[PDB]
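Presented below is the structure to which this report refers.
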């Protein structure tokens, strides 16, 4: 399949070269996979989700995305127009309040919830979790991601937006999950994108156009918006049977576009998410 005038980030993960505008992808589009978006929630009524999005857990007075961040990332995972896996199921876990903040205990509880709730769902092609959130280092937030990953969920986490080594950030620094950094439309590391040895892969993260609350669209920048690109790709590749949850991060790393990024610090991997789709 092909999406003309796709968001540049979509076009980038189907292209070896920057600056293209068409998103090429297998038509299976992540059907049969599930991606938990652990965030502010999802405006599941957004027409761009076509009923493929639903809230399954909130840790606040409402399950509504009164922020837009979670709807934005869910859009990059599986929205019709702005999404990588346009057929995947999206489940919303609202661990961030409508101001984008959230305590560690509640983010651990949401990760612990996904690891169980997945056994309640139909995801024959496997389960992915996109975590477009972060904070200071925590062994207990790290271990929760490791538990979610070990339970059989592909865990993609943002590296953080601190222009620093991600090893001081959580869940970013947890070794076993897929720590995702942000690139930009000219194949540079995003000015804010964290780096370091713990990073496994880079994704489009600067000026990402996706869904927003109120049925609108918005472009925002952040490693939080690169994560859903890799989550979506993970669901995509898992639906294709190319990988599994346990090895999806390694596979995306092996099949990435190597060495395409500028201002990648020494010791940080130079790998850009890439579906390697051949029409």
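Here chain A follows Swiss-Prot, giving residues 106-384 in order.
Quick check of the header: electron crystallography, 2.1 Å.
Heads up, the Cβ atoms here are built off N, Cα and C, so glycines get one too.
Residues or ranges marked as active site, charge relay system in Swiss-Prot: 144, 174, 329. Per Swiss-Prot, Ca(2+) 2 binding site is recorded for 121, 365. Annotation comment: Swiss-Prot describes 280, 282, 305 as Ca(2+) 1 binding site. Summarising the annotation, Swiss-Prot assigns disulfide bond to 139-228, 283-354. As annotated by Swiss-Prot, domain 'Peptidase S8' applies to 112-384, with the evidence given as sequence analysis.
Overlay of Swiss-Prot feature records on the structure.
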| residue | record | Cβ contacts under 8 Å, 6 or more apart |
| --- | --- | --- |
| 139 | disulfide bond | 193, 194, 195, 196, 223, 226, 228, 231, 232, 233, 340 |
| 144 | active site, charge relay system | 170, 174, 175, 178, 179, 197, 198, 199, 200, 201, 235, 236, 237, 238 |
| 280 | Ca(2+) 1 binding site | 251, 303 |
| 282 | Ca(2+) 1 binding site | 250, 251, 253, 254, 260, 261, 262, 276, 354 |
| 283 | disulfide bond | 259, 260, 261, 262, 305, 306, 335, 339, 353, 354, 357 |
| 329 | active site, charge relay system | 174, 178, 237, 238, 239, 263, 266, 310 |
| 365 | Ca(2+) 2 binding site | 121, 123, 292, 375, 377 |
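Shown in sequence order, 260, 262, 279, 281, 283, 284, 303, 354 are the same-chain residues outside 280, 282, 305 whose Cβ sits within 8 Å of the Cβ centre of the Ca(2+) 1 site. Residue 329 (active site, charge relay system) carries a helical DSSP state (H, G or I).
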